[PDB]
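Below: one structure, written as structure tokens.
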Amino acid sequence: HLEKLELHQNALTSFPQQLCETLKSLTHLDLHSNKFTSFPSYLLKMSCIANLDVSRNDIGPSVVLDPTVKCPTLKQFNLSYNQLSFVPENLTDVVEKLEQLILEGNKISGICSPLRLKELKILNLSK
Numbered sequence: 003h004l005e006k007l008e009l010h011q012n013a014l015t016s017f018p019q020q021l022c023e024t025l026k027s028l029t030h031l032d033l034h035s036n037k038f039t040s041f042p043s044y045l046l047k048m049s050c051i052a053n054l055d056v057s058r059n060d061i062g063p064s065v066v067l068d069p070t071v072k073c074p075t076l077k078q079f080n081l082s083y084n085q086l087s088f089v090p091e092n093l094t095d096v097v098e099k100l101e102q103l104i105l106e107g108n109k110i111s112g113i114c115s116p117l118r119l120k121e122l123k124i125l126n127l128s129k
């Protein structure tokens with residue numbers, strides 16, 4: 003019954019899986035300014051999460067999410083500032099109710115995908 007959890011500005015790497023399966027009610031989770039090296043991609047396998055925030059870590063290129071998962075409850079996916087050379091190669095199939103896709107400050111350089119999301123409101127691709 004935690005309903006929010008802030009682990010930002012630590013030296014955390016690789017947030018564990020059984021803690022996600024335990025945390026069945028985090029409607030908000032921010033873990034930025036950490037030394038994350040890749041997106042765990044099971045953090046979307048929680049029950050009811052919005053405002054997932056991984057925004058100052060160093061998530062390497064090819065941040066593609068696992069296609070065999072569904073998180074139809076996100077509202078913010080702040081993957082800002084890390085290292086992303088491309089957009090997350092599966093967005094239209096895992097985060098289908100996303101609103102604030104924030105990809106600013108990354109090293110995105112290529113011509114982007116069709117980006118077939120259906121409810122974006124604040125798209126950010128600066129820097």
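Basically our numbering = 1-based index in the sequence shown + 2. Don't be surprised by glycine CBs; every beta carbon is placed ideally from N, CA and C.
Item: Cβ distance (whole Å) where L7 is taken to contact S43 below 8 Å; Value: Actually they are not in contact, since the Cβ atoms of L7 and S43 sit about 18 Å apart, beyond 8 Å.
Item: Any 3 or more C-beta pairs closer than 8 Å across the stretch 54-63 and the stretch 79-91; Value: yes
Item: Residues that DSSP places opposite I104 in a beta bridge; Value: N80, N126
Item: Residue environment, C73, which counts as buried when at least 16 other CB atoms sit within 10 Å; Value: buried
Item: Unbroken beta strand (DSSP E) run spanning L4, endpoints; Value: That residue, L4, is in no beta strand (DSSP E); it is neither H nor E in DSSP.
Item: Distance between beta carbons of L103 and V71, contact taken as under 8 Å; Value: No, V71 and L103 are not in contact; Cβ-Cβ is about 17 Å, not under 8 Å.
Item: Beta strand (DSSP E) runs contained entirely in the stretch 19-66, provided each spans 3 or more residues; Value: 30-32, 52-55
Item: Cutoff 8 Å; reference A13; Cβ partners in own chain excluding five residues on either side; Value: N36, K37
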